[PDB]
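Sequential numbering from 45 applies to the sequence shown in the entry's author numbering. Even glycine gets a Cβ: it sits at the ideal position worked out from N, Cα and C.
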Amino acid sequence: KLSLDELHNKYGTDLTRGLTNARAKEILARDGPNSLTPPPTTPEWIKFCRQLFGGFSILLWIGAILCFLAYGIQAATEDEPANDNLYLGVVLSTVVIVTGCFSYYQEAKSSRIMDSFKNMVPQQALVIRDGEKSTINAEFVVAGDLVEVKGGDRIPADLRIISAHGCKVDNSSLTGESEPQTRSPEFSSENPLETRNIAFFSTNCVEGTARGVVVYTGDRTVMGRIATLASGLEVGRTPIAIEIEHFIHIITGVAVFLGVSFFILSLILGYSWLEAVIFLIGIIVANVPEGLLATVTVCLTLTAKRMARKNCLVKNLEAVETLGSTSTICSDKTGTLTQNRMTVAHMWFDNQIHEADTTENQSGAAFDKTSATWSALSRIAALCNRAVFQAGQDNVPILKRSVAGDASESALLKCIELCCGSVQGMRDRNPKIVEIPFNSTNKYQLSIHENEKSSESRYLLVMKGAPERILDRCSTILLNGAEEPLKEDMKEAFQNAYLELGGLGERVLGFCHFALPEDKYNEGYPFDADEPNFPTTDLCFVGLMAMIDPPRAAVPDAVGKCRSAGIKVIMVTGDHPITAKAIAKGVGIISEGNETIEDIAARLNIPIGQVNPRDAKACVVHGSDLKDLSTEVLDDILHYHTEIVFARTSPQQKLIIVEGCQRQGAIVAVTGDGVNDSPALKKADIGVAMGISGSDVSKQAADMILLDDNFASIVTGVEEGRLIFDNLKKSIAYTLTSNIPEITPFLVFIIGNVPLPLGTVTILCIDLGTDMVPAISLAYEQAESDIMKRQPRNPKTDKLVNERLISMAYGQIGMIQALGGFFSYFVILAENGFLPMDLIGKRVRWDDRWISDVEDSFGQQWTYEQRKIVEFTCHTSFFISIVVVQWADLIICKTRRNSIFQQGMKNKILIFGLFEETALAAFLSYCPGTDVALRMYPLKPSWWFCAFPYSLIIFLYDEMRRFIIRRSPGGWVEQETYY
Ligand SMILES: C=C(/C=C\C[C@@H](O)[C@@H](O)[C@H](O)C/C=C/C=C\[C@@H](O)C[C@@H]1O[C@H](C[C@@H](O)[C@H](O)C[C@H]2O[C@H]([C@H](O)[C@H](O)CC[C@H](O)/C=C/[C@H](C)[C@@H](O)C[C@]3(O)O[C@H](C[C@@H](O)CCCCCCC[C@@]45C[C@@H](C)C[C@@](C)(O4)[C@@H](C[C@@H](C)CCCCC[C@@H](O)[C@H](O)[C@H](O)[C@@H](O)[C@H](O)[C@H]4O[C@H](C[C@H](O)[C@H](O)/C(C)=C/[C@H](O)C[C@@H](C)[C@H](O)C(=O)N/C=C/C(=O)NCCCO)[C@H](O)[C@@H](O)[C@@H]4O)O5)[C@H](O)[C@@H](O)[C@H]3O)C[C@@H](O)[C@@H]2O)[C@@H](O)[C@H](O)[C@H]1O)CC[C@H](O)[C@@H](O)[C@H](O)[C@H](C)C[C@H]1O[C@H](/C=C\[C@@H](O)[C@H](O)C[C@@H]2C[C@@H]3C[C@H](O2)[C@@H](CC[C@H]2O[C@H](CN)C[C@H]2O)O3)[C@@H](O)[C@H](O)[C@H]1O
Ligand SMILES: CCCCCCCC/C=C\CCCCCCCC(=O)OC[C@H](COP(=O)(O)OCC[N+](C)(C)C)OC(=O)CCCCCCC/C=C\CCCCCCCC
Ligand SMILES: CCCCCCCC/C=C\CCCCCCCC(=O)OC[C@H](COP(=O)(O)OCC[N+](C)(C)C)OC(=O)CCCCCCC/C=C\CCCCCCCC
Ligand SMILES: CCCCCCCC/C=C\CCCCCCCC(=O)OC[C@H](COP(=O)(O)OCC[N+](C)(C)C)OC(=O)CCCCCCC/C=C\CCCCCCCC
Ligand SMILES: CCCCCCCC/C=C\CCCCCCCC(=O)OC[C@H](COP(=O)(O)OCC[N+](C)(C)C)OC(=O)CCCCCCC/C=C\CCCCCCCC
Ligand SMILES: CCCCCCCC/C=C\CCCCCCCC(=O)OC[C@H](COP(=O)(O)OCC[N+](C)(C)C)OC(=O)CCCCCCC/C=C\CCCCCCCC
Ligand SMILES: CCCCCCCC/C=C\CCCCCCCC(=O)OC[C@H](COP(=O)(O)OCC[N+](C)(C)C)OC(=O)CCCCCCC/C=C\CCCCCCCC
Ligand SMILES: Nc1ncnc2c1ncn2[C@@H]1O[C@H](COP(=O)(O)OP(=O)(O)OP(=O)(O)O)[C@@H](O)[C@H]1O
Ligand SMILES: CC(C)CCC[C@@H](C)[C@H]1CC[C@H]2[C@@H]3CC=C4C[C@@H](O)CC[C@]4(C)[C@H]3CC[C@]12C
Ligand SMILES: CC(C)CCC[C@@H](C)[C@H]1CC[C@H]2[C@@H]3CC=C4C[C@@H](O)CC[C@]4(C)[C@H]3CC[C@]12C
Ligand SMILES: CC(C)CCC[C@@H](C)[C@H]1CC[C@H]2[C@@H]3CC=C4C[C@@H](O)CC[C@]4(C)[C@H]3CC[C@]12C
Ligand SMILES: [Mg+2]
Ligand code: NA
Ligand code: NA
Ligand code: NA
Ligand code: NA
């Protein structure tokens, strides 16, 4: 409740010149940037407690505790004790600590990449300083400067409206109601939230333009004070995640059951009540997989970094998964398909077609520049146009300089300045009184100006737009200079002219004008843009103007890839069905051979109505018919046609098409740029907002932001989206196989009563060696050729972890790695004197420190450490046999449909893993001192080869398993083993 003078006198500001740059910076440094502050959080404290002290590591923490107590009772009691317990504790503790460090290096990394994407797409407001308009980052606006807003932009700070032009804002986020409240410079209510002279933070200007003085800036804003609570906010969990968990739950159920079962087997066999609970605890801990979620989050984050390098920024992680399943892409033409760098080609007037483009000069012998009709046409183009040359281009040529405005007005302005002269004087010769702006719903631009004729003080009215709309507003035609009527002979010549200019892939516009009678509209009467002050019809059409705009380079290949993938492409354009049909013919939407109902009517020379609608694979629907049509007809066209093109479609219409595409049971992505589009961008599954030309509304309302505004970028993004899935399945498959060889020894040991084949140290060596680096390498795998030559996926029918993965890992591959390790075990014992038949039952006697007289097969007598040494040599051999079989498992994990001879060994990280693991096994087995500390003993040369036959069998089996898949689709192998 103040005035414009009181406001400018309180903060200090020129209503018509704004602030000065020096003063603006003085205030900018005086009170801090216009950006909210970060909220409270937990430091490394709660970050490390969850890592080193979580749920699975807790048990290891116990193992360490127990062992230390085992050493204390020893050193305190027994003279000259042993040290296997002290080193066991020193090893276990180091394992919990490392696992924690690795996990930390991953959790932080993801939390940082996400923060990087937030500054990729910052926000920039329009401020007026020293009398000039400039677009600066929202973080540089201060209190006092002048700020201008336009329908589609966001209010930067708390403004005080000083001048508005039918400006409306969406005040729904703050108080909650989306009806657009109009912002007027006058004051209306005592409550600041109800008055119209104040713009607010985070609001959006729906329609209109306005000016205002920044009253409040930074955290000193309404939503800033309210943010105390907003801080907490809310997040979510992607599908894939709730898929992995679910799995974990089932496995836990299976594990708890088996625990109780192994319990009854133990007591029916005579163990100690305590030994049965010890077994239950160990078995349930060994059946539940560990790591799944960490690898899913890391893989997703890394893939997102890969996608941002290829131009696709995602507002969240759920978009990374939905992009792969994409079935339909509803894209626009001017901005996505074409280049928006248009240029005029053919003009129509005096019932004649005229060419242009006088090579940046006055040559080319286009047409007599003297033509009267041409003077009128050149004048309306130069007058109704709203674009202007960018300041300081007095040096560059007429075609290569920079302009500000629509691409249509830019092409028009350049043609008129090259062969018609300076527009600023042409614009001052006639003074502009009232102008009405373009719009997609109107489809025309009009304005009235004074007439520079010193003998005629009347008013001139000019308007341009889609040739059909303008034709409906004319009853005369400027012909050869005079006026004539629009009868059917020239009406048909005009129709054939539209197809002539349209077939050339050029855009076409209509231009008309009319002399307003100064007797009914005097020189003093003001024609406010509210009611019908100008005769819409009865105008004088002067002539058409056409311009070219070509497609992108990579576009043809993109549509071809979509056709091979089993993806439908639809062109939704606001242009004509011809120009549409043409662009479609070029990009590849409408391939050769397919015809429409009109094509068949033309070939057969039969009425279009007689032709059978099912006979045509492709079609083109118009806007008027779409307005009239119902739901069943729409489903008919969407289901029966393969290539559908939509012309003269308004923005509000789009939602119906999207709802029809989803009714079928398909995932859709829509590209948007304006304000009317926003509703659609929310209903679809993937909202692609333009980054270059988009508005704050389109970006806030969408899931993804295209950084370059290219259609070819999308298809590449979907390729990146499918690769994530393929690699995730491969990695999980490689991790789950090692479970079988680690559990089978503890089973035969208890049931069969034989010496323990695998221990604690060796098992820890397996988990950390063959499952960490090779698994990580799998993520980096390349894409198999087939990636784009395969149908999309149905999330309901195809899941990540299904009953087939467990079939390949546990059942087929696993059992083989187990047999491979058992062979090395049997061989080591047989050679040292203990044969296989004599081994069944020796455990009871084997594990007794007191029987130094143990007798072997050849009759020798063994002490306690002499036999324990051979057992440890078996632990080391088992370990190596596991690394050897892992070689094969890893190689076969690279591809699931192609062979490795086809895919190739170009992955470097995977190779690194093979060499490094082999090195770890050789090092631990041969190093001089591991004996005392880790309990591993040297392996003789003839033993390393025991696992080789089992390693080759796995590779050959998978190779054939794949050949049968490639040859017989939908067969038994694909139904059963294709995971
Ligand atoms: C950290 C862990 C925890 C521990 C770790 C541990 O290892 C180590 O840290 C150590 O602790 C280190 C700690 C050290 C601490 C301190 C030390 O430093 C210091 C030194 O320690 C030394 C000790 C140390 O030297 C020791 O030796 C260490 C070992 O300890 C364990 C030993 O064995 C054993 O404990 C020895 C100790 C002693 O023996 C204890 C005895 C009992 C307590 C108790 O009985 C004695 C006594 O009686 O207790 C009394 C107290 C009472 O209140 C208690 C009440 C009793 C309740 C009764 C109810 C029973 C119950 C319960 C019901 C639920 C069900 C039910 C059926 O039974 C039901 C039925 C009722 C109706 C029964 C009623 C019975 C009545 C009984 C009671 O009344 C009492 O007995 C009674 O009151 C008594 O007073 C009385 O005397 C009674 O006597 C008799 C009773 C009978 O005896 C008794 O009842 C009997 C027999 C029952 C029998 O079952 C009957 C049967 C026959 C049956 O019925 C039968 O006939 N069947 C006939 C069948 C038949 O015909 N069939 C014919 C078929 C025809 O068709 C009599 O009968 C009764 O009448 C009479 O009343 O109710 C009281 O105090 C006294 O009385 C006392 O004497 C073993 C270990 O713990 C340890 O090694 C000390 O000597 C020394 O002085 C000290 O200085 C977690 C573990 C790990 O998770 C796991 O890995 C684990 O490590 C492995 C499993 C190890 C195994 O493998 C190792 C090698 C490698 C492994 O590590 C590998 O890692 C394995 C892994 C595992 C998994 C899988 C796989 O492999 C790998 C895969 C993983 C991979 O995948 C991953 C992915 N996630 C990644 C990767 O990791 O992980 C091996 O080395 C291990 O050896 C091996 O085990
Ligand atoms: C829980 C999941 C486990 C997964 C794999 C577990 C691996 C376990 C494999 C073996 C463990 C059992 C212990 C074997 C000891 C049995 C000894 C035996 O058997 O002594 C019989 C013969 C020895 O004859 P001799 O020359 O000394 O007699 C000479 C006679 N004179 C001279 C008078 C003419 O030994 C033979 O013939 C060959 C016997 C060697 C071992 C055969 C064991 C059974 C056969 C295949 C097992 C693999 C099954 C795979 C199943 C996959 C799904 C689970
Ligand atoms: C010290 C440690 C040494 C370790 C040595 C390991 C040796 C390897 C072990 C076994 C190898 C044999 C496995 C054969 C399995 C069948 C593979 C198969 O059927 O692949 C089919 C592919 C055809 O694919 P496509 O036409 O669909 O591609 C289309 C590509 N697009 C789409 C671009 C046109 O064929 C191809 O890629 C052509 C590839 C041909 C490779 C032939 C290898 C066989 C030669 C000797 C094998 C060893 C025999 C016994 C050895 C005992 C050794 C002591
Ligand atoms: C005693 C008996 C033991 C039996 C045990 C069995 C063990 C496992 C059995 C087999 C595993 C090894 C199989 C190796 C496969 C080689 C395949 C190959 O050669 O496919 C030729 C490729 C294709 O080329 P392209 O241009 O047509 O691809 C175009 C790709 N597109 C179309 C995407 C552009 O060429 C390339 O990949 C580029 C050249 C890559 C050369 C890789 C050489 C390294 C191979 C293995 C490393 C050793 C690891 C073991 C470490 C322990 C050692 C102590
Ligand atoms: C990637 C992760 C996967 C695997 C992770 C495994 C985690 C394990 C972490 C730590 C384990 C520490 C093991 C400590 C090594 C032994 C220390 C020790 O307690 O030794 C005690 C022995 C004394 O025995 P004694 O007197 O009873 O013998 C009597 C012999 N009689 C009587 C027959 C003559 O000391 C001796 O023998 C003297 C020999 C000293 C041995 C020097 C070897 C250096 C050890 C590690 C350095 C290697 C790091 C790798 C760097 C790679 C660079 C590229
Ligand atoms: C481009 C870069 C490629 C890199 C590939 C991997 C690099 C491989 C690195 C090293 C491998 C060579 C190892 C040579 C070691 C010989 C040392 C030796 O003196 O050893 C003697 C033993 C005999 O022991 P004994 O029990 O009779 O006497 C015991 C007598 N006492 C115990 C009383 C003393 O003999 C043995 O260990 C035999 C040793 C094994 C013989 C090698 C057979 C493999 C040959 C080629 C396969 C290479 C894979 C490439 C595949 C490419 C596919 C595209
Ligand atoms: C140390 C040893 C190292 C090497 C060991 C090598 C072991 C690997 C050897 C073979 C791999 C076994 C793979 C098992 C898959 C067989 C499954 C099968 O039965 O699938 C039959 C399919 C039928 O498909 P469908 O759609 O008509 O079914 C329609 C079904 N309904 C009517 C119900 C809808 O395909 C057909 O019938 C036609 C295709 C038949 C393919 C036969 C492939 C034989 C290839 C190699 C075996 C020879 C190895 C020789 C080595 C000598 C070693 C001493
Ligand atoms: N400044 C303008 N004034 C008047 N008419 C214009 C102007 N710019 C373009 N036109 C024409 O008005 C009509 C409205 O087109 P509109 O902007 O709705 O869609 P479009 O150019 O086909 O683009 P897109 O498919 O990207 O939405 C078109 O025939 C266009 O050529
Ligand atoms: C699920 C996990 C964490 C439970 C771990 C249980 C541990 C603490 C239990 C399991 C078996 C127990 C041992 C069983 C037998 C004996 C022998 C006795 O003379 C001293 C105690 C001692 C050595 C016990 C100590 C505690 C012990 C090691
Ligand atoms: C350690 C040993 C004794 C365990 C042996 C486990 C074997 C028998 C288990 C491991 C994985 C299992 C398979 C897992 C999935 C399926 C798919 C289902 O539609 C039919 C059963 C089938 C094919 C299972 C059969 C039993 C199976 C092969
Ligand atoms: C392709 C297929 C059929 C070849 C199978 C070859 C079999 C018979 C070969 C492969 C590796 C070989 C083993 C390699 C090393 C040793 C250690 C030695 O001290 C005793 C023999 C023994 C245990 C061999 C026995 C024969 C063996 C198992
Ligand atoms: Mg558009
Ligand atoms: Na693990
Ligand atoms: Na959405
Ligand atoms: Na594996
Ligand atoms: Na594992």
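Three-state class that DSSP yields for residue i in the structure shown
i	result
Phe307	helix
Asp593	coil
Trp894	coil
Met534	helix
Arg173	strand
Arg240	coil
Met507	strand
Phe793	helix
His685	coil
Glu50	helix
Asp811	helix
Closer than 7 Å: residue i CB and nearest ligand 11 heavy atom
i	result
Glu875	yes
Any non-hydrogen atom of ligand 16 within 7 Å of residue i CB
i	result
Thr779	yes
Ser739	no
Minimum C-alpha distance to residue i - residue among the options
i	options	result
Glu238	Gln406, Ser216, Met615, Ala254	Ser216
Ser422	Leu367, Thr85, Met507	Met507
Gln826	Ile913, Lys950, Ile895, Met164	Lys950
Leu964	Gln947, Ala777, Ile810	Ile810
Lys91	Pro84, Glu151, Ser101, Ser79	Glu151
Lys45	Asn235, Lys912, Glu1018	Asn235
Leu725	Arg607, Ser375, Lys413	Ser375
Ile288	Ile776, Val927, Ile953, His919	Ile776
Pair within 8 Å by beta-carbon distance, residue i and residue j
i	j	result
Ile924	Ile998	no
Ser228	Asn241	yes
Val664	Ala645	no
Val250	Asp197	no
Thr253	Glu176	no
Residue i Cβ short of 7 Å to ligand 12 heavy atom set
i	result
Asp717	yes
Check: residue i C-beta below 7 Å from any heavy atom of ligand 5
i	result
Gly973	yes
Under 7 Å, CB to nearest heavy atom of ligand 2: contacting residues
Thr788, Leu791, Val792, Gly796, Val798, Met859, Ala862, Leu863, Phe866, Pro880, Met881, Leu883, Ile884
Closer than 7 Å between the C-beta and any heavy atom of ligand 3: which residues qualify, listed along the chain?
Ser829, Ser943, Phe945, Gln946, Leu996, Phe999, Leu1000, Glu1003, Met1004, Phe1007, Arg1010
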